[PDB]
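Participant: Supplied structure: coords17.cif, mmCIF, C-alpha atoms; chains and numbers go by the auth columns.
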```
data_target
#
loop_
_atom_site.group_PDB
_atom_site.id
_atom_site.type_symbol
_atom_site.label_atom_id
_atom_site.label_comp_id
_atom_site.label_asym_id
_atom_site.label_seq_id
_atom_site.Cartn_x
_atom_site.Cartn_y
_atom_site.Cartn_z
_atom_site.B_iso_or_equiv
_atom_site.auth_seq_id
_atom_site.auth_asym_id
ATOM 1 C CA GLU A 1 115.371 219.142 141.799 0.00 250 F
ATOM 2 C CA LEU A 2 118.568 220.983 142.725 0.00 251 F
ATOM 3 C CA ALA A 3 120.001 218.311 145.043 0.00 252 F
ATOM 4 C CA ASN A 4 119.673 215.524 142.474 0.00 253 F
ATOM 5 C CA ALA A 5 120.899 217.885 139.750 0.00 254 F
ATOM 6 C CA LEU A 6 124.062 218.752 141.697 0.00 255 F
ATOM 7 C CA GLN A 7 124.845 215.168 142.724 0.00 256 F
ATOM 8 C CA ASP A 8 124.249 213.744 139.240 0.00 257 F
ATOM 9 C CA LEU A 9 126.284 216.574 137.707 0.00 258 F
ATOM 10 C CA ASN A 10 129.197 215.770 140.028 0.00 259 F
ATOM 11 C CA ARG A 11 128.983 212.058 139.211 0.00 260 F
ATOM 12 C CA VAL A 12 128.767 212.640 135.456 0.00 261 F
ATOM 13 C CA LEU A 13 131.699 215.075 135.575 0.00 262 F
ATOM 14 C CA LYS A 14 133.822 212.415 137.275 0.00 263 F
ATOM 15 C CA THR A 15 132.621 209.731 134.840 0.00 264 F
ATOM 16 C CA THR A 16 133.279 211.934 131.802 0.00 265 F
ATOM 17 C CA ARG A 17 136.757 212.824 133.061 0.00 266 F
ATOM 18 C CA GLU A 18 137.684 209.160 133.566 0.00 267 F
ATOM 19 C CA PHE A 19 136.178 208.129 130.216 0.00 268 F
ATOM 20 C CA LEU A 20 138.076 210.882 128.402 0.00 269 F
ATOM 21 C CA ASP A 21 141.410 210.180 130.115 0.00 270 F
ATOM 22 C CA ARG A 22 141.005 206.501 129.221 0.00 271 F
ATOM 23 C CA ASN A 23 139.529 206.502 125.698 0.00 272 F
ATOM 24 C CA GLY A 24 140.150 209.895 124.067 0.00 273 F
ATOM 25 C CA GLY A 25 143.588 209.290 122.575 0.00 274 F
ATOM 26 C CA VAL A 26 142.460 206.118 120.849 0.00 275 F
ATOM 27 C CA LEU A 27 139.045 207.467 119.853 0.00 276 F
ATOM 28 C CA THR A 28 140.742 210.454 118.211 0.00 277 F
ATOM 29 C CA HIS A 29 143.269 208.139 116.545 0.00 278 F
ATOM 30 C CA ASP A 30 140.495 205.923 115.149 0.00 279 F
ATOM 31 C CA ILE A 31 138.533 208.927 113.865 0.00 280 F
ATOM 32 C CA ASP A 32 141.645 210.333 112.175 0.00 281 F
ATOM 33 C CA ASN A 33 142.398 206.965 110.543 0.00 282 F
ATOM 34 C CA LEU A 34 138.786 206.620 109.369 0.00 283 F
ATOM 35 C CA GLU A 35 138.898 210.137 107.920 0.00 284 F
ATOM 36 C CA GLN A 36 142.144 209.395 106.088 0.00 285 F
ATOM 37 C CA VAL A 37 140.957 206.107 104.581 0.00 286 F
ATOM 38 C CA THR A 38 137.508 207.406 103.572 0.00 287 F
ATOM 39 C CA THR A 39 139.055 210.512 102.002 0.00 288 F
ATOM 40 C CA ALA A 40 141.518 208.260 100.165 0.00 289 F
ATOM 41 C CA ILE A 41 138.752 206.067 98.719 0.00 290 F
ATOM 42 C CA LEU A 42 136.540 209.051 97.791 0.00 291 F
ATOM 43 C CA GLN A 43 139.024 210.782 95.491 0.00 292 F
ATOM 44 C CA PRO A 44 137.755 211.431 91.908 0.00 293 F
ATOM 45 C CA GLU A 45 139.227 208.309 90.299 0.00 294 F
ATOM 46 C CA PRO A 46 138.285 205.981 93.216 0.00 295 F
ATOM 47 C CA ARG A 47 134.852 207.652 93.246 0.00 296 F
ATOM 48 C CA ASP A 48 134.160 206.808 89.607 0.00 297 F
ATOM 49 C CA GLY A 49 135.722 203.375 90.091 0.00 298 F
ATOM 50 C CA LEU A 50 133.281 202.606 92.900 0.00 299 F
ATOM 51 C CA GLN B 1 104.025 245.376 146.573 0.00 209 Q
ATOM 52 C CA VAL B 2 100.697 244.558 148.265 0.00 210 Q
ATOM 53 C CA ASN B 3 98.945 243.490 145.048 0.00 211 Q
ATOM 54 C CA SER B 4 101.632 240.893 144.261 0.00 212 Q
ATOM 55 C CA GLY B 5 101.757 239.539 147.819 0.00 213 Q
ATOM 56 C CA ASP B 6 100.976 235.992 146.705 0.00 214 Q
ATOM 57 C CA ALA B 7 103.872 236.131 144.235 0.00 215 Q
ATOM 58 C CA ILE B 8 106.349 237.343 146.856 0.00 216 Q
ATOM 59 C CA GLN B 9 105.219 234.656 149.304 0.00 217 Q
ATOM 60 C CA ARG B 10 105.623 232.038 146.568 0.00 218 Q
ATOM 61 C CA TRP B 11 109.130 233.093 145.588 0.00 219 Q
ATOM 62 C CA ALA B 12 110.107 233.380 149.263 0.00 220 Q
ATOM 63 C CA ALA B 13 109.027 229.766 149.789 0.00 221 Q
ATOM 64 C CA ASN B 14 110.794 228.667 146.598 0.00 222 Q
ATOM 65 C CA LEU B 15 113.952 230.534 147.621 0.00 223 Q
ATOM 66 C CA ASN B 16 113.803 228.707 150.952 0.00 224 Q
ATOM 67 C CA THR B 17 113.444 225.347 149.188 0.00 225 Q
ATOM 68 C CA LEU B 18 116.197 225.921 146.609 0.00 226 Q
ATOM 69 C CA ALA B 19 118.590 227.361 149.195 0.00 227 Q
ATOM 70 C CA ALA B 20 117.995 224.409 151.527 0.00 228 Q
ATOM 71 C CA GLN B 21 118.691 221.963 148.695 0.00 229 Q
ATOM 72 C CA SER B 22 121.861 223.836 147.709 0.00 230 Q
ATOM 73 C CA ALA B 23 123.154 224.035 151.292 0.00 231 Q
ATOM 74 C CA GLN B 24 122.449 220.367 152.064 0.00 232 Q
ATOM 75 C CA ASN B 25 124.666 219.432 149.077 0.00 233 Q
ATOM 76 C CA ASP B 26 127.563 221.769 149.869 0.00 234 Q
ATOM 77 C CA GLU B 27 130.255 219.120 149.375 0.00 235 Q
ATOM 78 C CA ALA B 28 128.633 218.014 146.115 0.00 236 Q
ATOM 79 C CA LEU B 29 128.673 221.632 144.908 0.00 237 Q
ATOM 80 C CA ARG B 30 132.344 222.058 145.853 0.00 238 Q
ATOM 81 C CA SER B 31 133.338 218.832 144.096 0.00 239 Q
ATOM 82 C CA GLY B 32 131.218 219.806 141.095 0.00 240 Q
ATOM 83 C CA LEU B 33 133.074 223.094 140.680 0.00 241 Q
ATOM 84 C CA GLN B 34 136.432 221.398 141.314 0.00 242 Q
ATOM 85 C CA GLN B 35 135.747 218.836 138.581 0.00 243 Q
ATOM 86 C CA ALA B 36 134.009 221.251 136.192 0.00 244 Q
ATOM 87 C CA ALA B 37 137.136 223.389 135.965 0.00 245 Q
ATOM 88 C CA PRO B 38 139.273 220.697 134.156 0.00 246 Q
ATOM 89 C CA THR B 39 136.616 218.487 132.530 0.00 247 Q
ATOM 90 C CA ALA B 40 135.559 221.224 130.101 0.00 248 Q
ATOM 91 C CA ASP B 41 139.246 221.568 129.214 0.00 249 Q
ATOM 92 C CA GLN B 42 139.397 217.809 128.584 0.00 250 Q
ATOM 93 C CA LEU B 43 136.301 217.930 126.365 0.00 251 Q
ATOM 94 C CA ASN B 44 137.698 220.943 124.498 0.00 252 Q
ATOM 95 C CA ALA B 45 141.023 219.166 123.929 0.00 253 Q
ATOM 96 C CA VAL B 46 139.339 216.000 122.646 0.00 254 Q
ATOM 97 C CA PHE B 47 137.061 217.980 120.320 0.00 255 Q
ATOM 98 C CA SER B 48 139.864 220.215 119.015 0.00 256 Q
ATOM 99 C CA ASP B 49 141.796 217.030 118.250 0.00 257 Q
ATOM 100 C CA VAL B 50 138.934 215.867 115.999 0.00 258 Q
ATOM 101 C CA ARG B 51 137.966 219.381 114.907 0.00 259 Q
ATOM 102 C CA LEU C 1 133.421 229.777 133.014 0.00 257 X
ATOM 103 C CA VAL C 2 136.462 230.304 130.765 0.00 258 X
ATOM 104 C CA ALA C 3 136.691 226.574 130.030 0.00 259 X
ATOM 105 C CA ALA C 4 132.957 226.572 129.292 0.00 260 X
ATOM 106 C CA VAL C 5 133.464 229.404 126.788 0.00 261 X
ATOM 107 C CA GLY C 6 136.237 227.519 125.013 0.00 262 X
ATOM 108 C CA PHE C 7 134.516 224.131 125.003 0.00 263 X
ATOM 109 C CA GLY C 8 131.206 225.638 123.900 0.00 264 X
ATOM 110 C CA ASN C 9 132.817 227.450 120.979 0.00 265 X
ATOM 111 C CA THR C 10 134.788 224.379 119.867 0.00 266 X
ATOM 112 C CA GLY C 11 131.917 221.912 120.195 0.00 267 X
ATOM 113 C CA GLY C 12 129.486 224.326 118.576 0.00 268 X
ATOM 114 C CA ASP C 13 131.743 224.775 115.563 0.00 269 X
ATOM 115 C CA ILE C 14 132.223 221.002 115.275 0.00 270 X
ATOM 116 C CA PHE C 15 128.504 220.256 115.545 0.00 271 X
ATOM 117 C CA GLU C 16 127.527 223.034 113.123 0.00 272 X
ATOM 118 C CA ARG C 17 129.965 221.657 110.552 0.00 273 X
ATOM 119 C CA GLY C 18 129.160 217.977 111.064 0.00 274 X
ATOM 120 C CA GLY C 19 125.574 217.695 112.268 0.00 275 X
ATOM 121 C CA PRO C 20 123.614 217.918 109.008 0.00 276 X
ATOM 122 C CA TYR C 21 126.048 215.382 107.540 0.00 277 X
ATOM 123 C CA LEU C 22 125.302 212.893 110.321 0.00 278 X
ATOM 124 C CA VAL C 23 121.539 213.505 110.168 0.00 279 X
ATOM 125 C CA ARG C 24 121.285 212.997 106.414 0.00 280 X
ATOM 126 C CA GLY C 25 123.644 210.015 106.539 0.00 281 X
ATOM 127 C CA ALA C 26 121.447 208.330 109.132 0.00 282 X
ATOM 128 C CA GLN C 27 118.443 209.219 106.960 0.00 283 X
ATOM 129 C CA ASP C 28 120.004 207.702 103.823 0.00 284 X
ATOM 130 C CA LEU C 29 121.215 204.583 105.660 0.00 285 X
ATOM 131 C CA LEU C 30 117.672 203.301 106.322 0.00 286 X
ATOM 132 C CA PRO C 31 117.127 201.494 102.962 0.00 287 X
ATOM 133 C CA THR C 32 120.649 200.041 102.913 0.00 288 X
ATOM 134 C CA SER C 33 120.368 198.936 106.549 0.00 289 X
ATOM 135 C CA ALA C 34 117.067 197.218 105.741 0.00 290 X
ATOM 136 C CA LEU C 35 118.648 195.579 102.680 0.00 291 X
ATOM 137 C CA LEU C 36 121.634 194.314 104.680 0.00 292 X
ATOM 138 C CA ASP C 37 119.310 193.032 107.414 0.00 293 X
ATOM 139 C CA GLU C 38 117.159 191.220 104.845 0.00 294 X
ATOM 140 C CA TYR C 39 120.097 189.159 103.534 0.00 295 X
ATOM 141 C CA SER C 40 121.735 188.301 106.845 0.00 296 X
ATOM 142 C CA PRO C 41 120.898 184.539 106.565 0.00 297 X
ATOM 143 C CA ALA C 42 123.138 184.305 103.473 0.00 298 X
ATOM 144 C CA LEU C 43 126.127 186.000 105.146 0.00 299 X
ATOM 145 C CA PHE C 44 127.805 183.378 107.347 0.00 300 X
ATOM 146 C CA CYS C 45 127.265 180.525 104.886 0.00 301 X
ATOM 147 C CA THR C 46 128.567 182.521 101.905 0.00 302 X
ATOM 148 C CA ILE C 47 131.774 183.522 103.706 0.00 303 X
ATOM 149 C CA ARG C 48 132.266 179.987 105.037 0.00 304 X
ATOM 150 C CA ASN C 49 131.756 178.437 101.591 0.00 305 X
ATOM 151 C CA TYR C 50 134.105 180.900 99.892 0.00 306 X
ATOM 152 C CA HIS C 51 136.703 180.214 102.593 0.00 307 X
ATOM 153 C CA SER D 1 117.523 255.268 144.429 0.00 211 L
ATOM 154 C CA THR D 2 118.018 255.590 140.664 0.00 212 L
ATOM 155 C CA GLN D 3 120.204 252.477 140.768 0.00 213 L
ATOM 156 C CA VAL D 4 117.501 250.686 142.781 0.00 214 L
ATOM 157 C CA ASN D 5 114.756 251.483 140.268 0.00 215 L
ATOM 158 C CA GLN D 6 116.961 250.633 137.284 0.00 216 L
ATOM 159 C CA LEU D 7 117.990 247.312 138.843 0.00 217 L
ATOM 160 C CA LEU D 8 114.351 246.451 139.581 0.00 218 L
ATOM 161 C CA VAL D 9 113.114 247.194 136.057 0.00 219 L
ATOM 162 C CA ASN D 10 116.075 245.423 134.431 0.00 220 L
ATOM 163 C CA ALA D 11 115.493 242.408 136.682 0.00 221 L
ATOM 164 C CA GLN D 12 111.860 242.370 135.549 0.00 222 L
ATOM 165 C CA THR D 13 112.947 242.500 131.899 0.00 223 L
ATOM 166 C CA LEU D 14 115.535 239.734 132.349 0.00 224 L
ATOM 167 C CA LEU D 15 113.135 237.480 134.257 0.00 225 L
ATOM 168 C CA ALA D 16 110.449 237.966 131.597 0.00 226 L
ATOM 169 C CA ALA D 17 112.936 237.157 128.827 0.00 227 L
ATOM 170 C CA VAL D 18 114.005 233.980 130.630 0.00 228 L
ATOM 171 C CA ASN D 19 110.410 232.998 131.440 0.00 229 L
ATOM 172 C CA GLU D 20 109.074 233.357 127.881 0.00 230 L
ATOM 173 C CA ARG D 21 110.754 230.009 127.110 0.00 231 L
ATOM 174 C CA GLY D 22 109.363 228.578 130.334 0.00 232 L
ATOM 175 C CA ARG D 23 108.529 225.102 129.038 0.00 233 L
ATOM 176 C CA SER D 24 112.141 224.042 128.442 0.00 234 L
ATOM 177 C CA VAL D 25 113.647 226.037 131.325 0.00 235 L
ATOM 178 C CA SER D 26 111.299 224.333 133.801 0.00 236 L
ATOM 179 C CA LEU D 27 112.779 220.954 132.776 0.00 237 L
ATOM 180 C CA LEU D 28 116.439 222.048 132.895 0.00 238 L
ATOM 181 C CA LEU D 29 117.352 220.365 136.191 0.00 239 L
ATOM 182 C CA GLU D 30 115.357 217.212 135.437 0.00 240 L
ATOM 183 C CA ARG D 31 116.905 216.870 131.978 0.00 241 L
ATOM 184 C CA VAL D 32 120.464 217.487 133.191 0.00 242 L
ATOM 185 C CA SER D 33 120.012 214.875 135.931 0.00 243 L
ATOM 186 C CA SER D 34 118.518 212.444 133.405 0.00 244 L
ATOM 187 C CA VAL D 35 121.351 212.903 130.900 0.00 245 L
ATOM 188 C CA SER D 36 123.896 212.565 133.724 0.00 246 L
ATOM 189 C CA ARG D 37 122.349 209.244 134.749 0.00 247 L
ATOM 190 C CA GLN D 38 122.192 208.058 131.130 0.00 248 L
ATOM 191 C CA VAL D 39 125.869 208.862 130.492 0.00 249 L
ATOM 192 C CA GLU D 40 126.862 207.207 133.778 0.00 250 L
ATOM 193 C CA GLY D 41 124.907 204.080 132.861 0.00 251 L
ATOM 194 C CA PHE D 42 126.298 204.005 129.322 0.00 252 L
ATOM 195 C CA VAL D 43 129.893 204.209 130.549 0.00 253 L
ATOM 196 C CA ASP D 44 129.341 201.764 133.416 0.00 254 L
ATOM 197 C CA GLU D 45 127.606 199.098 131.302 0.00 255 L
ATOM 198 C CA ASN D 46 130.390 198.946 128.658 0.00 256 L
ATOM 199 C CA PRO D 47 133.652 197.932 130.372 0.00 257 L
ATOM 200 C CA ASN D 48 134.925 196.552 127.044 0.00 258 L
ATOM 201 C CA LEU D 49 134.516 199.761 125.025 0.00 259 L
ATOM 202 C CA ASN D 50 138.222 200.575 125.353 0.00 260 L
ATOM 203 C CA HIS D 51 139.253 197.093 124.190 0.00 261 L
ATOM 204 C CA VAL D 52 137.020 197.403 121.118 0.00 262 L
ATOM 205 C CA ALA E 1 120.130 219.412 124.149 0.00 246 D
ATOM 206 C CA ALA E 2 120.252 217.683 127.533 0.00 247 D
ATOM 207 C CA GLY E 3 116.806 216.226 126.866 0.00 248 D
ATOM 208 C CA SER E 4 117.780 215.163 123.346 0.00 249 D
ATOM 209 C CA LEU E 5 120.919 213.384 124.566 0.00 250 D
ATOM 210 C CA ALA E 6 118.935 211.690 127.341 0.00 251 D
ATOM 211 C CA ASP E 7 116.396 210.473 124.772 0.00 252 D
ATOM 212 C CA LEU E 8 119.080 209.285 122.333 0.00 253 D
ATOM 213 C CA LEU E 9 120.802 207.370 125.139 0.00 254 D
ATOM 214 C CA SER E 10 117.719 205.897 126.836 0.00 255 D
ATOM 215 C CA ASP E 11 116.520 204.205 123.635 0.00 256 D
ATOM 216 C CA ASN E 12 119.832 203.264 121.975 0.00 257 D
ATOM 217 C CA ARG E 13 121.795 201.987 124.991 0.00 258 D
ATOM 218 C CA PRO E 14 120.978 198.229 124.702 0.00 259 D
ATOM 219 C CA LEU E 15 121.469 198.370 120.933 0.00 260 D
ATOM 220 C CA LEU E 16 124.818 200.145 121.368 0.00 261 D
ATOM 221 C CA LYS E 17 125.845 197.536 123.956 0.00 262 D
ATOM 222 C CA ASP E 18 124.987 194.720 121.540 0.00 263 D
ATOM 223 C CA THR E 19 126.688 196.612 118.708 0.00 264 D
ATOM 224 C CA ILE E 20 129.904 196.911 120.722 0.00 265 D
ATOM 225 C CA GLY E 21 129.807 193.214 121.624 0.00 266 D
ATOM 226 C CA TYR E 22 129.270 192.205 118.000 0.00 267 D
ATOM 227 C CA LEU E 23 132.009 194.630 116.959 0.00 268 D
ATOM 228 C CA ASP E 24 134.406 192.934 119.372 0.00 269 D
ATOM 229 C CA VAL E 25 133.527 189.537 117.900 0.00 270 D
ATOM 230 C CA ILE E 26 134.027 190.825 114.337 0.00 271 D
ATOM 231 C CA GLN E 27 137.265 192.647 115.138 0.00 272 D
ATOM 232 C CA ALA E 28 139.146 189.939 117.064 0.00 273 D
ATOM 233 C CA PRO E 29 140.037 187.745 114.016 0.00 274 D
ATOM 234 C CA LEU E 30 140.990 190.849 112.016 0.00 275 D
ATOM 235 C CA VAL E 31 143.463 191.833 114.739 0.00 276 D
ATOM 236 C CA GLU E 32 144.752 188.264 115.014 0.00 277 D
ATOM 237 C CA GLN E 33 145.397 188.042 111.248 0.00 278 D
ATOM 238 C CA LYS E 34 146.167 191.692 110.454 0.00 279 D
ATOM 239 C CA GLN E 35 149.343 190.807 108.540 0.00 280 D
ATOM 240 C CA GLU E 36 147.261 188.676 106.168 0.00 281 D
ATOM 241 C CA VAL E 37 144.869 191.592 105.574 0.00 282 D
ATOM 242 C CA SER E 38 147.774 193.936 104.847 0.00 283 D
ATOM 243 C CA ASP E 39 149.373 191.404 102.496 0.00 284 D
ATOM 244 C CA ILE E 40 146.189 190.789 100.500 0.00 285 D
ATOM 245 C CA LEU E 41 145.550 194.540 100.230 0.00 286 D
ATOM 246 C CA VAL E 42 149.075 195.039 98.877 0.00 287 D
ATOM 247 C CA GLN E 43 148.759 192.056 96.522 0.00 288 D
ATOM 248 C CA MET E 44 145.304 192.607 95.005 0.00 289 D
ATOM 249 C CA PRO E 45 145.881 195.671 92.714 0.00 290 D
ATOM 250 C CA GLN E 46 148.611 193.921 90.702 0.00 291 D
ATOM 251 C CA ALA E 47 146.382 190.880 90.171 0.00 292 D
ATOM 252 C CA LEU E 48 143.534 193.198 89.149 0.00 293 D
ATOM 253 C CA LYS E 49 145.738 194.946 86.581 0.00 294 D
#
```
Would it be possible to restate this file's structure as structure tokens?
Facilitator:
Amino acid sequence: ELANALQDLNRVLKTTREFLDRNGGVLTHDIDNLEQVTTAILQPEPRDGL
Amino acid sequence: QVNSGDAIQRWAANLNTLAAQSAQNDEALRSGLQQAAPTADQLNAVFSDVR
Amino acid sequence: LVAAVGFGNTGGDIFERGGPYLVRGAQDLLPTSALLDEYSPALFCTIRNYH
Amino acid sequence: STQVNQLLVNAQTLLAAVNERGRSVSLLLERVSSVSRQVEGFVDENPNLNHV
Amino acid sequence: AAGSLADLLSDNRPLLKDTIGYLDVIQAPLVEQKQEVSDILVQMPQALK
């Protein structure tokens, strides 16, 4: 139990750190752009237009 | 203490097992702490960006 | 431990604010996903013909 | 001695409180190892996630 | 939560892999011709009016 838990935790910490350092800036940018566009198209007048 | 002798024997054996597993993975534990210090900061930064 | 405190608070706030939204969105997307899947065979040909 | 008795009874209380939810606690290590392996496999099997 | 994430990953991993592949295929022409998309989005409201 504990041996596999520790080794897998170490591996997943390394994997998460690499994945974040690689993809986080663009994932955050995409989420912000999606939020901006969806908020823009869900304003009252665009809402009733849709 | 006598009445719960089976319980104390059981947790002594389980302490032996868990301690052996933890000691045999000493380097894994050290690296886990070393990486757990900044990775939670990375996750917190990413989340606070998209908070 | 300090980084765990910060990350836990941030992620917990984010998930509390945006978890019901995701759950009910994935619940409401079932009929529309089925509808879009039903009319896949008319997707490539329609776009090609309009092009 | 007072500290000894207080520590023993408080340890009993804490262990009971942890053990009352013993179904999910007993699977803690297995589940953390499983989720670690799943995240590792998800990241490893998608080299083109960053390009997308 | 660890168990829930393990379950959500064990069952959705092949479908997420296929989804990312299909998303790459859909996105590549949009990136190639992004100026055209921007131009049509600018142009369309005046035609609609």
Participant: Please find the residues of chain F near chain L - the criterion being any atom within 7 Å, counting all atoms listed in the file - and write them as number ranges by chain.
Facilitator: F: 250-251, 253-254, 257-258, 261, 264, 272
Participant: Report, in Å to a single decimal, how far apart CA of residue 247 in chain D and CA of residue 252 in chain F are.
Facilitator: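 Going from CA of residue 252 in chain F over to CA of residue 247 in chain D covers 17.5 Å.
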Participant: Select residues of chain D: the criterion is any atom within 6 Å of an atom of chain L, counting only C-alpha atoms; output as a list in words.
Facilitator: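 Close enough to count are residues 247, 248, 251 and 269 of chain D.
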Participant: Give the residues of chain Q that lie within 12 Å of chain X; count all atoms listed in the file, and format the answer as JSON, numbers by chain.
Facilitator: {"Q": [241, 243, 244, 245, 246, 247, 248, 249, 250, 251, 252, 253, 254, 255, 256, 257, 258, 259]}
Participant: So which residues get picked by the PyMOL selection byres ((chain Q) within 6 of (chain F)) here, written as a ChimeraX atom specification?
Facilitator: /Q:229,236,240,247
Participant: Please, what distance in Å, to one decimal, runs between CA of residue 231 in chain L and CA of residue 212 in chain Q?
Facilitator: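 Distance reported for this atom pair: 22.3 Å.
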